[PDB]
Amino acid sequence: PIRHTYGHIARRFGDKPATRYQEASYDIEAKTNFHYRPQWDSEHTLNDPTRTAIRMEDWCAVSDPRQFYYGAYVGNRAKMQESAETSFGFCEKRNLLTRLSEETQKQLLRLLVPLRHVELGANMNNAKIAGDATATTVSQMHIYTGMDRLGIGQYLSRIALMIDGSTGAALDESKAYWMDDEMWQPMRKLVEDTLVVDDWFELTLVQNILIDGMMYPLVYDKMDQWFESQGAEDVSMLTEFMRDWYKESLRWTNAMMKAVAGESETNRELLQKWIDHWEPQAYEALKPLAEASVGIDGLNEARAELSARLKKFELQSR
């Protein structure tokens, strides 16, 4: 054995056998000597860390504690998908959602299924970040989460198809709540506004921290427990995937915030300027949804959880 691992890995972690995650994730990207300036961007180069105003000595200080390289991510997701598939097959066969009252069904179509639209936004947002972040340790976490959002929307989409016997009539309906129903317009406005943010790290904070960090606990915890009182508890089996996934996403989104905030006072004040402009827009997007369901103290108890978590990064909310 001439050597234990590749040069870039050995420079980083010592000359000894390295992990699969390490050999998949560090220093794989092109970094310098690009041949042509982007025809779609006048301000930056191919693979430019200055696409964010956030500054890092080494972006690989952001690392995934789940240690997801491609194989590890799909293997973990396959096992989660088999579970959800168990749950869905069972609800379908036992008629758990078709047997519900048309009013309970409309609750699910109005309060829950239109989330697929936010999952869609989150998909495009994480796609842009995978394309803009330079370090593989960062960019790959964003493609994964992105394809996850697509998956999560397909599940919410399948709730509606189980209700409508696979006609799409409940998707048609649901989608009209999202287009037309005053309750969803602050969300829908916020989603479309995220689509227009240039700074990839602003985007990740807003999407994967501020919006998700309040919406996940409101929806899959609080609005979930409330569905029992509503006759709708059997849908809880269909949204386990979303709960498991949110709990796992805390692991990497926290370590990414910890590292980036911890890096420099000047990052912490960039972040804080962005939180102040966005977290109240997150909050106010979710207010109509929380008062049409579990009631606003559910939302405030989620703002609680978010602000608390932000303080662990020396950052603040309200």
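Heads up: residue numbers just count along the shown sequence, starting at 1.
Participant: Would you mind comparing 219-227 and 115-123 for me and telling me which has the higher average C-alpha temperature factor in the entry?
Facilitator: Per the PDB entry, the higher value belongs to 219-227.
Participant: Looking at the entry, does 124-132 or 182-190 show the higher mean C-alpha B-factor?
Facilitator: Of 182-190 and 124-132, the stretch with the higher C-alpha B-factor average is 182-190.
Participant: Per the entry, which of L46, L250, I28, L270 tops the list for Cα B factor?
Facilitator: Going by the entry's C-alpha B-factors, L270 comes out highest.
Participant: In terms of recorded Cα temperature factor, pick the maximum from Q39, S293, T32, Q67.
Facilitator: The listed residue with the largest C-alpha B-factor is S293.
Participant: In terms of the chain's CA B-factor thirds, is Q140 lowest, middle or highest?
Facilitator: Lowest third, going by the recorded CA B-factors of the chain.
Participant: Where does the C-alpha B-factor of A24 rank in its chain, lowest, middle or highest third?
Facilitator: Lowest third.
Participant: Going by the entry, which third of its chain does the Cα temperature factor of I9 land in?
Facilitator: For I9, whose C-alpha B-factor we compare with every modelled residue in the chain, the answer is the lowest third.
Participant: For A78, return the chain-relative third of its C-alpha B-factor as stated in the PDB record: lowest, middle or highest.
Facilitator: It belongs to the lowest third of the chain when residues are ordered by C-alpha B-factor.
Participant: Relative to the other modelled residues in the chain, which third contains the C-alpha temperature factor of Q154: lowest, middle or highest?
Facilitator: As the PDB entry reports it, the C-alpha B-factor of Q154 lands in the lowest third of its chain.
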